[PDB]
$ cat upload10.cif   # mmCIF, C-alpha atoms and all ligand atoms
data_start
loop_
_atom_site.label_atom_id
_atom_site.label_comp_id
_atom_site.auth_asym_id
_atom_site.auth_seq_id
_atom_site.Cartn_x
_atom_site.Cartn_y
_atom_site.Cartn_z
CA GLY A 1 13.27 -16.54 -35.15
CA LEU A 2 12.50 -13.42 -33.11
CA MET A 3 10.13 -12.09 -35.79
CA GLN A 4 8.29 -15.45 -35.73
CA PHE A 5 8.16 -15.58 -31.91
CA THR A 6 4.90 -15.99 -29.99
CA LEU A 7 4.45 -15.75 -26.21
CA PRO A 8 2.72 -18.59 -24.31
CA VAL A 9 -0.73 -17.52 -23.06
CA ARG A 10 0.20 -18.38 -19.44
CA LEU A 11 3.03 -15.81 -19.54
CA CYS A 12 0.64 -13.12 -20.80
CA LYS A 13 -1.25 -13.19 -17.49
CA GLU A 14 1.79 -13.28 -15.17
CA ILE A 15 3.94 -10.74 -17.07
CA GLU A 16 1.54 -7.97 -15.95
CA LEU A 17 2.37 -8.62 -12.27
CA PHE A 18 5.03 -6.48 -10.57
CA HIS A 19 6.67 -9.46 -8.83
CA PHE A 20 7.03 -11.49 -12.07
CA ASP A 21 10.52 -13.01 -12.42
CA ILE A 22 11.88 -13.34 -15.96
CA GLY A 23 14.79 -15.58 -14.87
CA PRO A 24 13.24 -18.92 -15.97
CA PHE A 25 12.65 -17.77 -19.58
CA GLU A 26 16.13 -16.81 -20.84
CA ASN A 27 15.44 -17.69 -24.48
CA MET A 28 12.17 -15.68 -24.46
CA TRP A 29 13.64 -12.39 -23.15
CA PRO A 30 14.06 -10.64 -26.53
CA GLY A 31 10.52 -11.71 -27.49
CA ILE A 32 9.20 -10.74 -24.05
CA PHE A 33 10.48 -7.18 -24.57
CA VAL A 34 8.79 -7.03 -28.01
CA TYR A 35 5.57 -8.24 -26.39
CA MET A 36 5.76 -5.59 -23.66
CA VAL A 37 6.54 -2.91 -26.26
CA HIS A 38 3.54 -3.84 -28.43
CA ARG A 39 1.18 -4.05 -25.45
CA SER A 40 2.36 -0.65 -24.17
CA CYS A 41 3.01 1.41 -27.32
CA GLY A 42 0.82 -0.47 -29.85
CA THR A 43 1.96 -2.72 -32.70
CA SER A 44 2.72 0.11 -35.19
CA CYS A 45 5.17 2.32 -33.23
CA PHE A 46 8.30 0.48 -34.43
CA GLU A 47 9.05 -1.43 -37.64
CA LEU A 48 9.22 -5.07 -36.50
CA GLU A 49 12.55 -5.90 -38.15
CA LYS A 50 14.21 -2.67 -36.96
CA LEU A 51 13.15 -3.33 -33.35
CA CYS A 52 14.29 -6.97 -33.47
CA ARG A 53 17.61 -6.01 -35.07
CA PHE A 54 18.02 -3.28 -32.42
CA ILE A 55 17.14 -5.59 -29.51
CA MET A 56 19.59 -8.34 -30.52
CA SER A 57 22.40 -5.78 -30.93
CA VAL A 58 21.58 -4.36 -27.48
CA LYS A 59 21.86 -7.93 -26.14
CA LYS A 60 25.21 -8.43 -27.89
CA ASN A 61 26.48 -5.18 -26.32
CA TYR A 62 25.83 -6.40 -22.77
CA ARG A 63 28.85 -8.21 -21.33
CA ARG A 64 28.77 -11.51 -19.40
CA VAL A 65 29.19 -9.93 -15.95
CA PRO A 66 27.48 -11.32 -12.81
CA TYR A 67 24.79 -8.61 -12.32
CA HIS A 68 24.73 -5.72 -14.84
CA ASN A 69 23.93 -8.00 -17.78
CA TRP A 70 21.25 -8.86 -20.36
CA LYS A 71 19.10 -10.45 -17.62
CA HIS A 72 19.22 -7.24 -15.55
CA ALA A 73 18.35 -5.04 -18.55
CA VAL A 74 15.22 -7.08 -19.34
CA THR A 75 14.24 -7.32 -15.66
CA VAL A 76 14.44 -3.51 -15.42
CA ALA A 77 12.40 -3.17 -18.64
CA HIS A 78 9.68 -5.44 -17.26
CA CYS A 79 9.26 -3.45 -14.03
CA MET A 80 8.75 -0.28 -16.10
CA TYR A 81 6.22 -2.12 -18.28
CA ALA A 82 4.32 -3.02 -15.09
CA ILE A 83 4.51 0.59 -13.84
CA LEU A 84 3.49 1.98 -17.25
CA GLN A 85 0.64 -0.53 -17.63
CA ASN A 86 -0.81 0.40 -14.22
CA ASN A 87 -0.33 4.15 -14.90
CA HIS A 88 -0.72 4.19 -18.70
CA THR A 89 -2.64 7.46 -18.86
CA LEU A 90 -0.21 9.65 -16.91
CA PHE A 91 2.52 9.30 -19.55
CA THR A 92 2.64 10.17 -23.24
CA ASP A 93 3.04 7.71 -26.09
CA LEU A 94 6.59 8.97 -26.73
CA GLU A 95 7.50 8.66 -23.04
CA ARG A 96 6.41 5.00 -23.01
CA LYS A 97 8.47 4.32 -26.16
CA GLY A 98 11.63 5.89 -24.76
CA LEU A 99 11.38 4.65 -21.18
CA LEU A 100 11.04 0.98 -22.17
CA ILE A 101 13.93 1.31 -24.63
CA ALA A 102 15.91 3.27 -22.01
CA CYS A 103 15.50 0.58 -19.32
CA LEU A 104 16.67 -2.08 -21.80
CA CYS A 105 19.78 -0.02 -22.64
CA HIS A 106 20.42 1.59 -19.23
CA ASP A 107 23.52 -0.54 -18.44
CA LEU A 108 24.72 -1.11 -22.03
CA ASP A 109 28.36 -2.31 -22.21
CA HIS A 110 28.66 -2.26 -18.39
CA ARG A 111 32.17 -3.33 -17.41
CA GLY A 112 31.33 -4.61 -13.91
CA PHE A 113 32.88 -1.58 -12.21
CA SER A 114 31.41 1.40 -10.36
CA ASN A 115 31.76 5.09 -11.20
CA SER A 116 34.04 5.43 -8.15
CA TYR A 117 36.55 2.97 -9.60
CA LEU A 118 36.78 4.53 -13.07
CA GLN A 119 37.24 8.05 -11.68
CA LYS A 120 39.73 7.11 -8.95
CA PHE A 121 41.91 5.03 -11.32
CA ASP A 122 41.69 7.43 -14.32
CA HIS A 123 39.96 5.08 -16.77
CA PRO A 124 39.44 6.50 -20.30
CA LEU A 125 35.65 6.60 -19.65
CA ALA A 126 36.20 8.81 -16.58
CA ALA A 127 38.26 11.18 -18.75
CA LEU A 128 35.39 12.13 -21.10
CA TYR A 129 32.56 11.61 -18.56
CA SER A 130 33.05 13.36 -15.20
CA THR A 131 29.89 12.73 -13.12
CA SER A 132 27.59 9.74 -13.74
CA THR A 133 30.43 8.14 -15.72
CA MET A 134 29.07 4.76 -16.86
CA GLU A 135 25.51 6.13 -17.17
CA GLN A 136 26.59 8.75 -19.74
CA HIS A 137 28.49 6.00 -21.58
CA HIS A 138 25.33 3.83 -21.55
CA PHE A 139 23.35 6.54 -23.37
CA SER A 140 26.36 7.05 -25.66
CA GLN A 141 26.20 3.31 -26.43
CA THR A 142 22.42 3.53 -26.95
CA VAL A 143 22.79 6.27 -29.57
CA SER A 144 25.62 4.33 -31.29
CA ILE A 145 23.36 1.30 -31.79
CA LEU A 146 20.58 3.61 -33.01
CA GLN A 147 23.03 4.85 -35.70
CA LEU A 148 23.82 1.36 -37.07
CA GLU A 149 22.35 0.19 -40.39
CA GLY A 150 18.67 -0.73 -39.99
CA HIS A 151 18.73 -0.24 -36.20
CA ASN A 152 17.22 3.27 -36.02
CA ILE A 153 13.81 2.32 -34.61
CA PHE A 154 12.96 6.03 -34.31
CA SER A 155 13.88 6.83 -37.96
CA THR A 156 10.20 7.26 -38.93
CA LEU A 157 9.67 9.96 -36.24
CA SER A 158 9.75 13.70 -36.89
CA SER A 159 13.02 15.46 -36.03
CA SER A 160 11.20 17.20 -33.17
CA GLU A 161 9.89 13.95 -31.65
CA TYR A 162 13.24 12.26 -32.37
CA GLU A 163 15.02 14.88 -30.24
CA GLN A 164 12.27 14.58 -27.59
CA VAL A 165 12.60 10.80 -27.16
CA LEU A 166 16.42 10.90 -26.99
CA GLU A 167 16.20 13.48 -24.18
CA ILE A 168 13.69 11.32 -22.28
CA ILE A 169 16.04 8.35 -22.80
CA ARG A 170 19.09 10.42 -21.82
CA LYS A 171 17.43 11.75 -18.65
CA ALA A 172 16.10 8.28 -17.80
CA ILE A 173 19.52 6.61 -18.17
CA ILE A 174 21.36 9.33 -16.19
CA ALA A 175 18.71 9.06 -13.44
CA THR A 176 19.73 5.41 -12.81
CA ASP A 177 22.94 6.80 -11.27
CA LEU A 178 22.12 5.93 -7.64
CA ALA A 179 24.19 8.97 -6.53
CA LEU A 180 21.55 11.27 -8.07
CA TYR A 181 18.59 9.28 -6.67
CA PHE A 182 18.96 10.45 -3.05
CA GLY A 183 18.56 14.10 -4.05
CA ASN A 184 15.75 13.24 -6.47
CA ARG A 185 13.72 11.35 -3.85
CA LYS A 186 14.15 14.13 -1.26
CA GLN A 187 12.63 16.82 -3.51
CA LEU A 188 9.83 14.53 -4.75
CA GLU A 189 8.86 13.74 -1.15
CA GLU A 190 8.98 17.49 -0.43
CA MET A 191 6.74 18.16 -3.45
CA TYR A 192 4.26 15.52 -2.20
CA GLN A 193 4.15 16.33 1.54
CA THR A 194 3.55 20.03 0.76
CA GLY A 195 1.06 19.25 -2.04
CA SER A 196 3.11 21.11 -4.67
CA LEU A 197 3.74 18.17 -7.05
CA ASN A 198 2.45 18.71 -10.60
CA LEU A 199 2.85 16.43 -13.65
CA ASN A 200 2.23 19.30 -16.10
CA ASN A 201 5.53 20.68 -14.79
CA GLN A 202 8.32 19.23 -16.98
CA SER A 203 11.01 19.26 -14.25
CA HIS A 204 8.64 17.50 -11.81
CA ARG A 205 7.82 15.05 -14.60
CA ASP A 206 11.51 14.28 -15.21
CA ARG A 207 11.99 13.77 -11.45
CA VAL A 208 9.08 11.31 -11.29
CA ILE A 209 10.50 9.42 -14.28
CA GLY A 210 13.86 9.46 -12.51
CA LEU A 211 12.33 7.82 -9.43
CA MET A 212 10.58 5.24 -11.63
CA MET A 213 13.94 4.43 -13.23
CA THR A 214 15.38 3.89 -9.74
CA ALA A 215 12.41 1.76 -8.62
CA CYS A 216 12.92 -0.31 -11.79
CA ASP A 217 16.73 -0.51 -11.43
CA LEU A 218 16.29 -1.84 -7.82
CA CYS A 219 13.25 -4.10 -8.43
CA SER A 220 15.00 -7.41 -7.59
CA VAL A 221 14.13 -6.39 -3.99
CA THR A 222 10.39 -6.46 -4.96
CA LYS A 223 10.41 -10.09 -6.13
CA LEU A 224 9.66 -13.25 -4.12
CA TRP A 225 12.33 -13.89 -1.46
CA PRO A 226 14.19 -16.75 -3.22
CA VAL A 227 14.58 -14.69 -6.42
CA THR A 228 15.62 -11.64 -4.36
CA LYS A 229 18.25 -13.67 -2.45
CA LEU A 230 19.63 -15.26 -5.64
CA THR A 231 20.00 -11.92 -7.42
CA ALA A 232 21.64 -10.48 -4.29
CA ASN A 233 24.35 -13.16 -4.83
CA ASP A 234 24.88 -11.95 -8.39
CA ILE A 235 25.19 -8.33 -7.14
CA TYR A 236 27.88 -9.09 -4.53
CA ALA A 237 29.76 -11.32 -7.05
CA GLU A 238 30.23 -8.19 -9.17
CA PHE A 239 31.12 -5.93 -6.22
CA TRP A 240 33.60 -8.50 -4.83
CA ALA A 241 35.30 -8.86 -8.25
CA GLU A 242 35.82 -5.07 -8.21
CA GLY A 243 37.19 -5.12 -4.65
CA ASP A 244 39.68 -7.83 -5.67
CA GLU A 245 41.19 -5.45 -8.24
CA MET A 246 41.51 -2.76 -5.57
CA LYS A 247 43.13 -5.37 -3.28
CA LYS A 248 45.50 -6.38 -6.11
CA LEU A 249 46.62 -2.72 -6.04
CA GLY A 250 47.15 -2.99 -2.24
CA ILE A 251 44.12 -0.79 -1.58
CA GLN A 252 41.53 -2.18 0.82
CA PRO A 253 38.07 -1.89 -0.78
CA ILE A 254 34.94 -0.73 1.04
CA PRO A 255 33.20 -3.45 3.12
CA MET A 256 30.47 -3.86 0.45
CA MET A 257 33.10 -4.81 -2.17
CA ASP A 258 35.14 -6.96 0.24
CA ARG A 259 34.41 -10.70 0.00
CA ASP A 260 36.28 -11.20 3.29
CA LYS A 261 33.41 -9.20 4.91
CA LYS A 262 30.62 -11.45 3.51
CA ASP A 263 29.29 -11.91 7.10
CA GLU A 264 27.92 -8.34 7.10
CA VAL A 265 25.78 -8.83 3.92
CA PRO A 266 22.42 -9.25 5.80
CA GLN A 267 23.18 -6.12 7.84
CA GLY A 268 24.33 -4.41 4.62
CA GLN A 269 21.01 -5.25 2.92
CA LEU A 270 19.05 -4.22 6.06
CA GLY A 271 20.65 -0.78 5.67
CA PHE A 272 20.11 -0.74 1.89
CA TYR A 273 16.37 -1.46 2.33
CA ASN A 274 16.03 1.20 5.08
CA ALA A 275 18.21 3.87 3.46
CA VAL A 276 17.44 3.27 -0.25
CA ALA A 277 14.79 0.70 -1.21
CA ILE A 278 11.92 1.35 1.24
CA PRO A 279 12.17 5.13 0.84
CA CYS A 280 12.28 4.66 -2.95
CA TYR A 281 9.05 2.66 -3.27
CA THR A 282 7.35 4.64 -0.47
CA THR A 283 7.64 7.93 -2.37
CA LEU A 284 6.76 6.15 -5.64
CA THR A 285 3.54 4.71 -4.19
CA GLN A 286 2.54 8.15 -2.87
CA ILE A 287 2.83 9.61 -6.40
CA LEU A 288 1.65 6.52 -8.29
CA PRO A 289 -0.65 4.49 -5.95
CA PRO A 290 -1.03 1.56 -8.40
CA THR A 291 2.72 0.87 -7.85
CA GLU A 292 1.95 -0.12 -4.19
CA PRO A 293 2.71 -3.86 -4.69
CA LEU A 294 6.37 -2.86 -5.19
CA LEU A 295 6.39 -1.44 -1.64
CA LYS A 296 4.58 -4.49 -0.20
CA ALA A 297 7.08 -6.89 -1.83
CA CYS A 298 10.03 -4.76 -0.67
CA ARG A 299 8.68 -4.75 2.91
CA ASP A 300 8.36 -8.55 2.87
CA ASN A 301 11.99 -8.95 1.77
CA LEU A 302 13.02 -6.38 4.42
CA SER A 303 11.52 -8.59 7.15
CA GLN A 304 13.21 -11.60 5.51
CA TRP A 305 16.59 -9.87 5.81
CA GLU A 306 15.67 -9.11 9.45
CA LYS A 307 14.79 -12.81 9.80
CA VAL A 308 18.22 -13.79 8.40
CA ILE A 309 20.06 -11.53 10.88
CA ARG A 310 18.19 -13.04 13.87
CA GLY A 311 19.30 -16.56 12.79
CA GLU A 312 16.06 -18.02 11.39
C1 LIG A 401 19.75 -5.53 -3.60
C2 LIG A 401 20.47 -4.41 -4.28
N1 LIG A 401 19.96 -3.88 -5.36
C3 LIG A 401 20.68 -2.86 -5.98
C4 LIG A 401 21.84 -2.34 -5.52
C5 LIG A 401 22.55 -1.21 -6.19
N2 LIG A 401 22.37 -2.90 -4.36
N3 LIG A 401 23.49 -2.60 -3.66
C6 LIG A 401 23.45 -3.50 -2.67
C7 LIG A 401 24.51 -3.57 -1.63
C8 LIG A 401 23.98 -3.28 -0.23
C9 LIG A 401 25.09 -3.23 0.77
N4 LIG A 401 25.83 -4.26 1.17
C10 LIG A 401 26.70 -3.74 2.11
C11 LIG A 401 27.69 -4.54 2.81
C12 LIG A 401 27.78 -5.92 2.56
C13 LIG A 401 28.75 -6.71 3.18
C14 LIG A 401 29.62 -6.13 4.08
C15 LIG A 401 29.52 -4.78 4.39
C16 LIG A 401 28.57 -3.99 3.74
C17 LIG A 401 26.49 -2.39 2.27
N5 LIG A 401 25.47 -2.08 1.42
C18 LIG A 401 24.91 -0.76 1.24
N6 LIG A 401 22.38 -4.36 -2.68
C19 LIG A 401 21.71 -3.93 -3.73
MG MG A 402 23.74 1.24 -13.97
ZN ZN A 403 20.88 -1.18 -13.80
#

$ encode --input "upload10.cif" --output "structure tokens"
Amino acid sequence: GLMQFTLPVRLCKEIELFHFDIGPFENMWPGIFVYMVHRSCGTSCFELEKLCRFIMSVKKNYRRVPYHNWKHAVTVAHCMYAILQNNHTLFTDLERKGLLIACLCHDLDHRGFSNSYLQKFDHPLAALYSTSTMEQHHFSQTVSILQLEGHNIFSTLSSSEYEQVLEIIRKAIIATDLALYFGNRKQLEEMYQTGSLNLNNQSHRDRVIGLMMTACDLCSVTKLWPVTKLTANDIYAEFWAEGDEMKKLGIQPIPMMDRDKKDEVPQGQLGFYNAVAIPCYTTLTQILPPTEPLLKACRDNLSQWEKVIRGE
């Protein structure tokens, strides 16, 4: 079915847009990713059946949580596609392969719990992964699927390029740890404001990719207001489910994960846009000017959250 899939011509036009919402096309998501892969990395990069067998196993290894699910994975892949498409030249063929795959796998087997939870309540995953707990497990899950029968989409690569792509994927997936973003953005802004940013520099390159992975991970805030508001509901549903477990252990969770504090969501978003989102897309537009619509869309939703606080 997925091998014999064809995208409607109307989707082909609108998929290129940054603000495009995949929500309405649930059954077309696997085939949408294939489409984006072929448009970005050509039709020959992966063996069709290997890619399709890989994709459907990635889907199966996302749980049915409120936010960090198959929908989110594909939404994050699309935003990268849009970034890559508008900045195709800056990145290598192998970087475009890995980054799209990485976005699709970046929350693989996500349990609906934060890194703080797993570490604080000694979960097995926190035992073998100290910092960036779930993120390291996501890459570990990505490699596991790659090592299943007929799933190794990179099998035809040279051992050198195989090791290169995995390290781009690894770095990309670890970068989606929002704890590491704040440091990453600070340096990248520093490298821009001084004029010392250079894409020939590998470490600078990895930092730019890291920011792109954050921009993509957060992109629900760059959609049209109704889609942004709806996804926000899915986010807090996951946080509140985690806070309930902390409450069940007597421990009061942080306001963000406390459903009893749902009143302070608009204020909480207002802070998230100011502290995280706006600075994220601001620095990204300065490095990659064609990504500007992401900042515009984020700004619009910022004023919407301001509009919600004022009672309008
Ligand atoms: C849109 C979005 N995309 C991605 C991510 C990771 N997130 N995370 C948030 C939570 C923001 C947030 N809500 C609160 C809060 C809410 C109610 C009561 C008290 C505090 C605080 N903060 C920071 N939203 C997003
Ligand atoms: Mg994640
Ligand atoms: Zn994510």

$ closest_atom_pairs --input "upload10.cif" --of "chain A" --to "ligand ZN 403 (chain A)" --cutoff "12 Å" --atoms "all atoms listed in the file" --output "CSV"
residue,atom,partner,partner_atom,distance
A:62,CA,A:ZN403,ZN,11.5
A:67,CA,A:ZN403,ZN,8.5
A:68,CA,A:ZN403,ZN,6.0
A:69,CA,A:ZN403,ZN,8.5
A:70,CA,A:ZN403,ZN,10.1
A:71,CA,A:ZN403,ZN,10.2
A:72,CA,A:ZN403,ZN,6.5
A:73,CA,A:ZN403,ZN,6.6
A:74,CA,A:ZN403,ZN,9.9
A:75,CA,A:ZN403,ZN,9.2
A:76,CA,A:ZN403,ZN,7.0
A:77,CA,A:ZN403,ZN,10.0
A:79,CA,A:ZN403,ZN,11.8
A:102,CA,A:ZN403,ZN,10.6
A:103,CA,A:ZN403,ZN,7.9
A:104,CA,A:ZN403,ZN,9.1
A:105,CA,A:ZN403,ZN,9.0
A:106,CA,A:ZN403,ZN,6.1
A:107,CA,A:ZN403,ZN,5.4
A:108,CA,A:ZN403,ZN,9.1
A:109,CA,A:ZN403,ZN,11.3
A:110,CA,A:ZN403,ZN,9.1
A:112,CA,A:ZN403,ZN,11.0
A:114,CA,A:ZN403,ZN,11.4
A:134,CA,A:ZN403,ZN,10.6
A:135,CA,A:ZN403,ZN,9.3
A:138,CA,A:ZN403,ZN,10.2
A:172,CA,A:ZN403,ZN,11.3
A:173,CA,A:ZN403,ZN,9.0
A:174,CA,A:ZN403,ZN,10.8
A:175,CA,A:ZN403,ZN,10.5
A:176,CA,A:ZN403,ZN,6.8
A:177,CA,A:ZN403,ZN,8.6
A:178,CA,A:ZN403,ZN,9.5
A:213,CA,A:ZN403,ZN,8.9
A:214,CA,A:ZN403,ZN,8.5
A:215,CA,A:ZN403,ZN,10.4
A:216,CA,A:ZN403,ZN,8.3
A:217,CA,A:ZN403,ZN,4.8
A:218,CA,A:ZN403,ZN,7.6
A:219,CA,A:ZN403,ZN,9.8
A:220,CA,A:ZN403,ZN,10.6
A:235,CA,A:ZN403,ZN,10.7

$ atom_distance --input "upload10.cif" --atom1 "CA of residue 232 in chain A" --atom2 "atom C2 of ligand LIG 401 (chain A)"
6.2 Å

$ atom_distance --input "upload10.cif" --atom1 "CA of residue 290 in chain A" --atom2 "CA of residue 86 in chain A"
5.9 Å

$ closest_residue --input "upload10.cif" --among "A:42, A:289, A:271, A:311" --to "ligand LIG 401 (chain A)" --atoms "only C-alpha atoms and all ligand atoms"
A:271

$ atom_distance --input "upload10.cif" --atom1 "CA of residue 226 in chain A" --atom2 "CA of residue 266 in chain A"
14.3 Å

$ closest_residue --input "upload10.cif" --among "A:193, A:304, A:119, A:222" --to "residue 20 in chain A" --atoms "all atoms listed in the file"
A:222

$ residues_near_ligand --input "upload10.cif" --ligand "ligand LIG 401 (chain A)" --cutoff "6 Å" --atoms "all atoms listed in the file" --output "list in words"
residues 218, 221, 232, 255, 256, 261, 262, 264, 265, 268, 269 and 272 of chain A

$ closest_residue --input "upload10.cif" --among "A:179, A:52, A:36, A:208" --to "ligand MG 402 (chain A)" --atoms "only C-alpha atoms and all ligand atoms"
A:179

$ closest_residue --input "upload10.cif" --among "A:308, A:58, A:145, A:65" --to "residue 237 in chain A" --atoms "all atoms listed in the file"
A:65

$ closest_residue --input "upload10.cif" --among "A:194, A:44, A:187, A:283" --to "residue 154 in chain A" --atoms "all atoms listed in the file"
A:44

$ closest_residue --input "upload10.cif" --among "A:236, A:287, A:84, A:96" --to "residue 189 in chain A" --atoms "all atoms listed in the file"
A:287

$ residues_near_point --input "upload10.cif" --point "(0.5, -4.9, -12.9)" --cutoff "9 Å" --atoms "all atoms listed in the file" --output "list in words"
residues 14, 15, 16, 17, 18, 19, 79, 81, 82, 83, 84, 85, 86, 290, 291 and 293 of chain A

$ residues_around --input "upload10.cif" --residues "range 274-282 of chain A" --least-positions-apart "3" --cutoff "7 Å" --atoms "all atoms listed in the file" --output "JSON, numbers by chain"
{"A": [185, 215, 270, 271, 285, 286, 294, 295, 298]}

$ residues_around --input "upload10.cif" --residues "residue 164 in chain A" --least-positions-apart "3" --cutoff "12 Å" --atoms "all atoms listed in the file" --output "PyMOL selection string"
chain A and resi 92-95+97-99+154+157-161+167-171

$ decode --input "upload10.cif" --residues "range 8-20 of chain A" --atoms "N, CA, C and O atoms" --output "mmCIF file, in the first residue's frame"
data_model
loop_
_atom_site.group_PDB
_atom_site.id
_atom_site.type_symbol
_atom_site.label_atom_id
_atom_site.label_comp_id
_atom_site.auth_asym_id
_atom_site.auth_seq_id
_atom_site.Cartn_x
_atom_site.Cartn_y
_atom_site.Cartn_z
ATOM 1 N N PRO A 8 -1.687 13.480 -3.535
ATOM 2 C CA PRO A 8 -2.500 14.432 -4.294
ATOM 3 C C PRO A 8 -1.708 15.678 -4.690
ATOM 4 O O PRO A 8 -0.881 16.156 -3.914
ATOM 5 N N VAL A 9 -1.965 16.192 -5.889
ATOM 6 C CA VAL A 9 -1.211 17.331 -6.419
ATOM 7 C C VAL A 9 -1.406 18.619 -5.611
ATOM 8 O O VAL A 9 -0.528 19.482 -5.605
ATOM 9 N N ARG A 10 -2.548 18.744 -4.935
ATOM 10 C CA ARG A 10 -2.830 19.908 -4.090
ATOM 11 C C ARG A 10 -1.946 19.936 -2.842
ATOM 12 O O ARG A 10 -1.580 21.007 -2.360
ATOM 13 N N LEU A 11 -1.613 18.755 -2.320
ATOM 14 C CA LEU A 11 -0.708 18.637 -1.171
ATOM 15 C C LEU A 11 0.722 19.021 -1.538
ATOM 16 O O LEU A 11 1.440 19.601 -0.724
ATOM 17 N N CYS A 12 1.126 18.693 -2.764
ATOM 18 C CA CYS A 12 2.473 18.990 -3.251
ATOM 19 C C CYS A 12 2.827 20.475 -3.141
ATOM 20 O O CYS A 12 3.960 20.823 -2.811
ATOM 21 N N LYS A 13 1.858 21.342 -3.414
ATOM 22 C CA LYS A 13 2.067 22.783 -3.302
ATOM 23 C C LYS A 13 2.171 23.228 -1.841
ATOM 24 O O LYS A 13 3.076 23.981 -1.484
ATOM 25 N N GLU A 14 1.250 22.753 -1.005
ATOM 26 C CA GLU A 14 1.133 23.246 0.375
ATOM 27 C C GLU A 14 2.110 22.598 1.357
ATOM 28 O O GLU A 14 2.371 23.154 2.421
ATOM 29 N N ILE A 15 2.647 21.434 1.009
ATOM 30 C CA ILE A 15 3.645 20.762 1.846
ATOM 31 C C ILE A 15 4.949 21.570 1.956
ATOM 32 O O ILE A 15 5.664 21.468 2.952
ATOM 33 N N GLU A 16 5.245 22.376 0.937
ATOM 34 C CA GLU A 16 6.472 23.177 0.914
ATOM 35 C C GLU A 16 6.441 24.316 1.934
ATOM 36 O O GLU A 16 7.490 24.791 2.369
ATOM 37 N N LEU A 17 5.238 24.746 2.309
ATOM 38 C CA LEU A 17 5.057 25.865 3.230
ATOM 39 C C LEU A 17 5.463 25.470 4.649
ATOM 40 O O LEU A 17 5.278 24.326 5.057
ATOM 41 N N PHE A 18 6.022 26.424 5.388
ATOM 42 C CA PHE A 18 6.457 26.191 6.768
ATOM 43 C C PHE A 18 5.281 25.908 7.696
ATOM 44 O O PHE A 18 5.364 25.049 8.568
ATOM 45 N N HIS A 19 4.192 26.642 7.489
ATOM 46 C CA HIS A 19 3.015 26.597 8.364
ATOM 47 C C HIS A 19 2.079 25.408 8.096
ATOM 48 O O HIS A 19 1.075 25.246 8.788
ATOM 49 N N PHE A 20 2.397 24.602 7.085
ATOM 50 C CA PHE A 20 1.579 23.450 6.707
ATOM 51 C C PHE A 20 1.334 22.507 7.887
ATOM 52 O O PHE A 20 2.277 22.094 8.562
#
